[PDB]
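Novice: Sharing a structure below in structure tokens format, with a few things to ask.
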Amino acid sequence: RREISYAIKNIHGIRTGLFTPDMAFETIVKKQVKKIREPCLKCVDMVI
Amino acid sequence: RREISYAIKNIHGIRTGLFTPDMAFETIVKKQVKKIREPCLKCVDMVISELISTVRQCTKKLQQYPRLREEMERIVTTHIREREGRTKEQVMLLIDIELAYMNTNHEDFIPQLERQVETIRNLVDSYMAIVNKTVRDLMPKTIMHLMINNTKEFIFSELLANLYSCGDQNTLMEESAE
Amino acid sequence: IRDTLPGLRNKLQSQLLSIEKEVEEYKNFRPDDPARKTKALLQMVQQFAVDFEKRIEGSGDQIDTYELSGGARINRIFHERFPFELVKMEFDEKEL
Amino acid sequence: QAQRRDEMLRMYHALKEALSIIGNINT
Numbered sequence: 385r386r387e388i389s390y391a392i393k394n395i396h397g398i399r400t401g402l403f404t405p406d407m408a409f410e411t412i413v414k415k416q417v418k419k420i421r422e423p424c425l426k427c428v429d430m431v432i
Numbered sequence: 385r386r387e388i389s390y391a392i393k394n395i396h397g398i399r400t401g402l403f404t405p406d407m408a409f410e411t412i413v414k415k416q417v418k419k420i421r422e423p424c425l426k427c428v429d430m431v432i433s434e435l436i437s438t439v440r441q442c443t444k445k446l447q448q449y450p451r452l453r454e455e456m457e458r459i460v461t462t463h464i465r466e467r468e469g470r471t472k473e474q475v476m477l478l479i480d481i482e483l484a485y486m487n488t489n490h491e492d493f494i653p654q655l656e657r658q659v660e661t662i663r664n665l666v667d668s669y670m671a672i673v674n675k676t677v678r679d680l681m682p683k684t685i686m687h688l689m690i691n692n693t694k695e696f697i698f699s700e701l702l703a704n705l706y707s708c709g710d711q712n713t714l715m716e717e718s719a720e
Numbered sequence: 289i290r291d292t293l294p295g296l297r298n299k300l301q302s303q304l305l306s307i308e309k310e311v312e313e314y315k316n317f318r319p320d321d322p323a324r325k326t327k328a329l330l331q332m333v334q335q336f337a338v339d340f341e342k343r344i345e346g347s348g349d350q351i352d353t354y355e356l357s358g359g360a361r362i363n364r365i366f367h368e369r370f371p372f373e374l375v376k377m378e379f380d381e382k383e384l
Numbered sequence: 721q722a723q724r725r726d727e728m729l730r731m732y733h734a735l736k737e738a739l740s741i742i743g744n745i746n747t
């Protein structure tokens, strides 16, 4: 929650008071799905 | 409505916008608060006209001496004209400042296209009212701090110097035959 | 004649104010423009890049509202009409 | 753009001359 609040507060950089920015969701999912890269490679290693 | 719809469909233009975007509101209000340049300049010129009429009206009673009412009017009116440029410049710059930030943490209250456009309009109208209030409270003050509360000080301070310094003192005060 | 002069002076001051900004980047001009060429190249490249990003990504600073206005939403109508070209073309029954 | 730029330059010089004339006439 703090991690995404900072994203809100950075992409609302100067302008103010508007609903919600979608690129906050964008950046957070891009940060969450970048660590899927380890389990998939581990499964490939297991299959090997 | 059509302009807002297109702004919504273009400012998150490549990807499905799951939140009502913001630069559209900014673009609409910025496109609407730039038509104020005409009424404010019209107000400034109208005030200039009445204030020159007042100077002529309150110099008419100086007809005791001719050739000095002419000088006095010719100096005060030239001062007012030399001040109209500055006051119009500041008038333009005030609204030009208003076109910069689009504050929304003021007392402004906090398909899918129709709902998005309705939400955008309910905010555009509010901010139009709140910028109208702020330009209505600062058009008088802007005019007078530059025009009136400065021509008054010109009258009370500098008029005497110009009148005494202009040449041919003997003819500046012509005794009228009357 | 002397009454009119203040108006002319202030109006021409406003016009010179309008032109002086353009004269700012035009203080000097030499043949073959050794550095103006590179500077203008950078300006054009930055304008093109920011306009591409504004046209497709949808950056800020006043995107036009006149038309459907650029590939971004045309590109979207492709990404969300292709799921109709998938449905339409493929079919068979009672031979399977 | 080249003709526009040169005509801007000439316009600026002409306006400078006009304001100099206003200065030397208003006196």
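Chains as they are written, first to last, in the deposited numbering: chain U, 385 to 432; chain C, 385 to 494, 653 to 720; chain X, 289 to 384; chain H, 721 to 747.
All C-beta atoms in this analysis are idealised placements derived from N, C-alpha and C, irrespective of residue type, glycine included.
(1) For the stretch 725-745 of chain H, list every residue whose C-beta sits within 8 Å of some C-beta in chain X, in sequence order.
(2) Residue 396(C) versus chain U: which residues are under 8 Å apart at the beta carbon?
(3) In chain X, what lies closer than 8 Å to residue 469(C) by C-beta?
(4) Going by DSSP, what residue range makes up the alpha helix (DSSP H) through residue 388(U)?
(5) Beta carbon of residue 729(H), beta carbon of residue 303(X): below 9 Å?
(6) Report yes or no: do the stretch 393-403 of chain C and the stretch 339-355 of chain X share at least 3 C-beta pairs separated by less than 8 Å?
(7) Taking C-alpha atoms, which residue in 463(C), 443(C), 409(C) lies nearest to residue 695(C)?
(8) Quick one: Cα of residue 493(C) to Cα of residue 668(C), how far?
(9) In whole angstroms, give me the CA-to-CA distance for residue 747(H) and residue 673(C).
(10) Using a Cβ cut-off of 9 Å, pull out every chain H residue sitting near residue 310(X), in sequence order please.
(11) Quick check: residue 474(C) and residue 684(C), are their CB atoms within less than 9 Å of each other?
(12) In chain U, which residues lie with their C-beta within 7 Å of the C-beta of residue 709(C)?
(13) Residue 705(C) and residue 452(C): beta carbons closer than 9 Å?
(14) Under DSSP, the alpha helix (DSSP H) around residue 440(C) begins and ends at which residues?
(15) Output the boundary residues of the alpha helix (DSSP H) element that contains residue 459(C).
(16) How about residue 338(X) and residue 347(X): do their beta carbons lie closer than 9 Å?
Specialist: Considering the structure as presented:
(1) 725, 728, 729, 731, 732, 735, 736, 738, 739, 742, 745
(2) 406
(3) 298, 301, 302
(4) 386-395
(5) no
(6) yes
(7) 463(C)
(8) 8 Å
(9) Those two C-alpha atoms are separated by around 44 Å.
(10) Neighbours of residue 310(X) in chain H, taken as residues whose beta carbon is under 9 Å from its own, are 725, 728, 732 in chain order.
(11) yes
(12) What residue 709(C) touches in chain U: nothing, since even the nearest Cβ is about 59 Å away.
(13) yes
(14) 421-443
(15) 453-485
(16) yes
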